[PDB]
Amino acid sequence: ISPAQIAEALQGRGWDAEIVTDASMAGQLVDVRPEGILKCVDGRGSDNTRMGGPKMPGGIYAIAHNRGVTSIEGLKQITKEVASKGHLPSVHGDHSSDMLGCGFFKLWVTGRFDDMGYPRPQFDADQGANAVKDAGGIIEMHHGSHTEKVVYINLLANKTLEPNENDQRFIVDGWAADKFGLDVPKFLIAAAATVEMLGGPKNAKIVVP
């Protein structure tokens, strides 16, 4: 899927979409390091000590959700997969709703993706986090409130954008979906629906190489 195709797809959902250069984001883009956690698109600050990891809705849940994997066993299998693929697997909560502090997982466990054909997780948020941690994953915990002003869809292979709690944004590493053999158009539609359903800004900036 091309940058123009992504923008066209988002606009079809009523979004504003702009394609931007990687140079315009110089000073913000960082190379991905395998020690970093593959974590959520959430724009808030947190207790993460493993920067440089890719961003996907709900952390590793984006992979389970895209593949329709709903069992705890399937979840542990994806955790190990991610860990064997050069990234530390993670899922998260926050200090306002504990494990329901991840907007993506909450939407998923409450069935907001029902109409898009997704099956529901066969576990609750605490059970999911225990399984990921048991499979060797990292449980992140965010702090503060959501103030994301824009969504960045980064297409630069092996690069990512980091959270800025004082000038928040949602970050989606579109190229990381490819890496995991996901249905990318499907993965991006789900990321857009997540922002939409969380009442976030339907304004995307697509970063291209």
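Quick note: we count residues from 1 along the sequence shown, nothing fancier.
Chemist: Which is higher in the entry, the mean Cα B factor of 103-111 or that of 135-143?
Modeler: Per the PDB record, 135-143.
Chemist: So 157-165 or 176-184, which one's hotter by mean CA B-factor in the entry?
Modeler: Stretch with the higher mean C-alpha B-factor: 176-184.
Chemist: How does residue 98 rank on Cα B-factor within its chain, lowest, middle or highest third?
Modeler: According to the entry, residue 98 has a C-alpha B-factor in the chain's middle third.
Chemist: Of the three thirds of its chain by CA temperature factor, lowest, middle or highest, which one includes residue 9?
Modeler: Top third by C-alpha B-factor.
Chemist: Would the CA B-factor of residue 34 place it in the lowest, middle or highest third of its chain?
Modeler: Highest third - that is where residue 34 ends up once the chain's C-alpha B-factors are sorted.
Chemist: If you rank the chain by CA B-factor, which third does residue 43 end up in: lowest, middle or highest?
Modeler: Its C-alpha B-factor, which the entry lists for residue 43, ranks in the lowest third among residues of this chain.
Chemist: In terms of the chain's CA B-factor thirds, is residue 51 lowest, middle or highest?
Modeler: For residue 51, whose C-alpha B-factor we compare with every modelled residue in the chain, the answer is the middle third.
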